[PDB]
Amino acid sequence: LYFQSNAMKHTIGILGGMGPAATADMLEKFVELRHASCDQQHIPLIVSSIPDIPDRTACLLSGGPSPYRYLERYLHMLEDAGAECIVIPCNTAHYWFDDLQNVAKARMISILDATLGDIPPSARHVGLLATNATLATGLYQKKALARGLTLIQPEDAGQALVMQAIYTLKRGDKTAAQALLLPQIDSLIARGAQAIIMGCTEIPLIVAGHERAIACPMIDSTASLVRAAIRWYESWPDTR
């Protein structure tokens, strides 16, 4: 008879598709990170995985077509579907975060803030694995400075390989991607990184299974955003 609307349900939209693998990984983490006795106790989620959004690095570094209009469209799709909170499992796309937040009715939670908060306070010197555009536009720079953090970026030659790893994953070869990425991780560690931000939502997929062999904590930006979204969801009177 009576159905509770998704808005009243505190439904969370995921504005994804950058890329699709990263979005599927976030969904997987919403299940893992939420305490639930059964199906019915899991978080209500609506997902946009609509990958036609233009490449973020091409736009930012090369003046390629901007993703922004697509972001706005699918954000509105989610809102109309009942999302009361929106999360974007793409670091690079947070270039547009403030712009989107201007047009959003829903609450929006930054992957950047969530990720930084999940770094141990004691880690002062922190590696950053991210797309070229995320580094170039300094998305993490401002915030890291506020927390008194020193980011260690790979050198130009290394970053080229990190970028290659990211796109090999986006292209669907994890094994190859790993072969590319692992040495760069060791380089950052060799350079004194006390932790490494996985600052591209493809990186956790590449690292998965090898973390136990990595000599410092990896901070997972996707997981960080999920945890932050769960906390939002669970702060409601009908949630707790």
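One-based numbering along the sequence shown.
Across the two stretches, 82-90 and 100-108, the PDB entry reports the greater mean Cα temperature factor for 100-108. Between 128-136 and 151-159, it is 151-159 that carries the larger average Cα temperature factor according to the deposited entry. The entry assigns its greatest Cα B factor, within the set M198, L33, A190, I43, to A190. Going by the entry's values, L180 shows the largest Cα B-factor out of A58, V47, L180, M26. Among the modelled residues of its chain, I230 has a C-alpha B-factor that falls in the lowest third according to the deposited record. Annotation for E202: CA B-factor lies in the lowest third of the chain's modelled residues. The entry lists a Cα temperature factor for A123 that places it in the highest third of the chain's modelled residues. Per the deposited record, the Cα B-factor of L145 falls in the highest third when ranked against the other modelled residues of its chain. Among all modelled residues in this chain, the alpha-carbon of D52 has a temperature factor (C-alpha) in the middle third.
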